[PDB]
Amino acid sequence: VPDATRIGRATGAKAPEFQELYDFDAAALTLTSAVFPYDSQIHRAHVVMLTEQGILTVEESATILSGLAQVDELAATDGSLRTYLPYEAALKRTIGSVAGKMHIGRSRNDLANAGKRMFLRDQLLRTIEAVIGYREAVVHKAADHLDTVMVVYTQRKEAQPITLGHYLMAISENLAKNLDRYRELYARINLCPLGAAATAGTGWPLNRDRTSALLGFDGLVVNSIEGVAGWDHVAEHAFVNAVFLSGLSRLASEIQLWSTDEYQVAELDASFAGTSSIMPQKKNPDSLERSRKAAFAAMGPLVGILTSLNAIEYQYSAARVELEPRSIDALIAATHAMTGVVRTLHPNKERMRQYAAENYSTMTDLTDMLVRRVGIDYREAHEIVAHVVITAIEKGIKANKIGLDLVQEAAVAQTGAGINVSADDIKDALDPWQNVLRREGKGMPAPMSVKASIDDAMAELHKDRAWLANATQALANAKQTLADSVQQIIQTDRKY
C-alpha cells in the first residue's frame, strides 16, 4: 500500500524529513515514559554513593543494584512501574525490605528535578545537533549561490538587489546566536539538585559531588530549596525553542512567498510538497505550513510554564507546568523538514534576475549615483528618482529600459534643472549585478563579501560541532563510570 497522498503533482514519496512532521505527534512519549529510564540511573548512582559513604553495606548495595536491573526489565512492559513509589514497591517484592533503603537521604522531589534535568539535557543536545544540521544545510546552500541575483524584500515589497547566498547567511547568523542560547541554557540545566531531598537536605552525610559526577552533571544546584523549587531552566528551554522556531517560521514564510504562483522565484522540491484531493493543479507547501504550525504551538509551553511559576511561592510544587517530549519532538521534526527544504530548494535563477532588473529595486543606486556625480543632496535626488519611477510605471517602462531621456524629463519637471550624467552612468546604475558588486562592505551581497561570511560560518560550525562532541562524550564517560561502579559492587559482593 503506497502513500495515498502521493497523487497528481505530488510525485514520488515524501522526503523522510517531510514525513517526520506527520509522525511525531502519535509517536511522542509521555513525560513519565521519557523520564523513567533516567530515574533508574539516579537510583544506581545514588546507592553507589550511599555505599561509598558507609550508609549501605556492600551486601545491601549489591542486592539493591541487582534488583534494579530486574525491575527495569519489568518496567519495560509494566507501565505502572514508571513512577517512583510503585517502582520502589516492586523492588520490595523482588529483593525484600532492603529495597526501602535506596531512598535514604532522598525524596521524590529532588529525584524528579534531577531526572527531568537529565531528560532535558539529552533533548538539548538532540536539538543542538538538529540546529547545527539546519545551519550546515543553510551555509552549504549559500555557497552554491554567490551569483544568484535576486531582490531582497522589506515590508513584503521589492527593496534592493542581493543574492540568495547573501540571504541565507542572514539565517546562518540567526542560527549562530540561537546555538549560543542553547549552549548557555545547557550550563544552567546541567546542574545536579540531588542531595536537596525534600527541600532542606538531610542528616545522612551524602557526597553530593559524587552523585552529580556519576550522572554527568557539570556542577551542583547548591541551595537545597533551589534544588527542588528551581524551574527557570524549564521556562528558558521553552523560550529558546519558541524564539528559534520563530526564526524558522519566518524563513518558511519567506520561501512560501518565493514559491507562490505569482512570485515563482523558487519551487519546493517535489519531495517536500503535496497536492489537493480536488484541485489537480496544486503544489502545496505542506512542509512549510506544518513547520510554522510547530513554531506557533511552541508558544504554548512557554506561556503555561511561566504562568505556573507566577502562580506559586518559591517552593517545590506539583502545580508547575513541564516542557513535554511531544513539544520538543515537534521542534525536531520542523528543523529537519526545513533542513531538507533549504537543501533541495529549486531557485528559478532566471525569473529572479528578471525581477531584479525590471521591477525598480535598483533605484537606490540611481539615486546614489546622482549624489556622487553632481553633488546634490540625497533628499533632492530621491525626489527626482521617485518621479522617474512614477513616470516609468505610468508609461509601462521597466527599470532596465529607463533611459537618459526619462531621467532628464524628471529632473526638469521636478527642479527646472537638467543634470550632468551620461547614458552610461545610468545604464550601469540600473544594472542589478552591478548593484550587488558595489555592495561589498562587511555583510553585503557582493560575492567576495558573502564568501567571507561563509568562511567565518564554516569555522564557527566547526566549533559548534566540537562543543557538541565534547558535551556528548562527557555524558557517555560518566554513564560508563557509573556502569563500572555498579558492576564492581555487584562483583565485590558475589565473590566475598
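Rigid core: the largest C-alpha set superposing within 1.5 Å between the two forms. Numbering starts at 1 and follows the sequence shown.
Asks: Core-superposed in 5 other deposited structures of this protein, which stretch deviates more in Cα positions, 256-264 or 414-422?
Replies: Evaluated in 5 other deposited structures of this protein, the stretch farther from the shown form is 414-422.
Asks: With reference to the PDB entry, specify whether the mean Cα temperature factor is higher for 90-98 or for 213-221.
Replies: The entry gives the higher C-alpha B-factor average to 90-98.
Asks: Give the stretch, out of 11-19 and 475-483, with the larger mean C-alpha temperature factor in the deposited entry.
Replies: It is 475-483.
Asks: Maximum C-alpha temperature factor per the entry, among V303, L366, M338, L179, belongs to which one?
Replies: That would be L366, according to the entry.
Asks: For the listed residues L288, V138, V421, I332, which one has the largest C-alpha B-factor as given in the deposited model?
Replies: Answer for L288, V138, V421, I332: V421, with the highest C-alpha B-factor.
Asks: Could you place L29 in the lowest, middle or highest third of its chain by Cα temperature factor, using the values in the record?
Replies: For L29, whose C-alpha B-factor we compare with every modelled residue in the chain, the answer is the lowest third.
Asks: How does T154 rank on Cα B-factor within its chain, lowest, middle or highest third?
Replies: As the PDB entry reports it, the C-alpha B-factor of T154 lands in the lowest third of its chain.
Asks: Using only modelled residues of the chain, where does the Cα B factor of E73 rank: lowest third, middle third or highest third?
Replies: For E73, the deposited C-alpha B-factor lands in the highest third.
Asks: Considering only modelled residues of the same chain, in which third does the CA B-factor of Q408 rank: lowest, middle or highest?
Replies: Highest third, going by the recorded CA B-factors of the chain.
Asks: Would you please rank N400 by its C-alpha temperature factor against the other modelled residues of its chain and give the third it falls in: lowest, middle or highest?
Replies: CA B-factor rank for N400: highest third.
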